[PDB]
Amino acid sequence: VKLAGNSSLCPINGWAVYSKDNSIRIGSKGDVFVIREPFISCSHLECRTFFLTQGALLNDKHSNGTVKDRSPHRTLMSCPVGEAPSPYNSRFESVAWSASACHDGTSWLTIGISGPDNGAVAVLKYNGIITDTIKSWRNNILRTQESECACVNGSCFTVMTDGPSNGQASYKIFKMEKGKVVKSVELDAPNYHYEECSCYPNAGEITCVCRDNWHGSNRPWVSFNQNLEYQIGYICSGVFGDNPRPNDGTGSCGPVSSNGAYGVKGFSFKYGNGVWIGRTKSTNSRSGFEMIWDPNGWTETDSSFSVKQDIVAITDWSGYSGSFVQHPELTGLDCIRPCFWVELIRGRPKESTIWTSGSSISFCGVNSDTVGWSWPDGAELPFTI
């Protein structure tokens, strides 16, 4: 039976460690895929880890310039959470250098994008079989979430971008049933910039917190009904969420220009006017990670907050981070539980190696107490190469 998403986000006090895959430490010897853009998404029975491989293993020559981003060998595969991604435990999903995926209660929907930069195509699959296709409409790198999509009452939603990662680009929301596009709407978002959105379902509606790689240090959002009627904005909190970003201060409900000319994928959970913010600890590099609870931070502008919980130390490498949900039909709870993952990027451009790849760690909602600490990748570089 389909996942009803009419339930609300579960109240919580902190975050508890859920998984850690040590893929990079293990891959030092083991046959572990070199990856990037990993993300967790759960069905009504299990939770999986999706990722984009480089069609090569760690410590092998084919792992060479795996910093390039888009290639013909890039593929989307999955394995159960906490496990190291290997050819011996990974399920093939699709050929792709940018992807998304979600479970509607019945079957899995995977979105993989491949092809050249001037005409990339999104192949949609439902239970492994191709159910639709979406071709680039601006011919400038059609790309997507790199985190799970959201399903509600049997419909799943996602967000895509086409155009410059440099300035005004085109943005679209898509609704799908059985992996087929039943409706789509382009957002009329002049001056906004949307990339790699982390979307979750709450009370029958979707909410997405994304990345402004053009000119924002704070994160932009988009929420919508099952008819794609939407609203847009930026988190007004002075506790800036992008990286790079400036020192905390006075935020704005609009794009914060200072230092937001690049970025990193992230997420945030909205509760009333409050927001849980996941962000790096550094303001310049993808180092460290922490969770901050700013009550009344979604609508106000100030750098004051209530709680902060360490996830990774400033001295250790972090990277992308996304949100993922647990539905009542998998949990037995009467609310939609929030969790998040963090990508731990090793290699280039920061480290002198011939390769780039990443590990993952994840946490979940919870009302019981927690603790901040540091759960870093742990590999010692360089490798035998």
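Throughout, we count residues from 1 along the sequence that is shown.
Relative to its counterpart among 240-248 and 109-117, 240-248 has the higher mean temperature factor, C-alpha atoms as listed in the PDB entry. The PDB entry reports B-factors from which the mean C-alpha value can be compared for 65-73 and 315-323; the larger average falls on 65-73. Based on the entry's C-alpha B-factors, the most elevated value among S78, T144, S86, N153 belongs to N153. Each of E196, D294, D132, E93 has a CA temperature factor in the record; the biggest one is found at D294.
For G278, the recorded CA temperature factor ranks within the lowest third of the chain's modelled residues.
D212 sits in the middle third of its chain by CA B factor, as recorded in the PDB entry.
Among all modelled residues in its chain, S374 ranks in the middle third by Cα B-factor. The PDB entry assigns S359 a C-alpha temperature factor belonging to the middle third of its chain's modelled residues.
The entry lists a Cα temperature factor for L45 that places it in the highest third of the chain's modelled residues.
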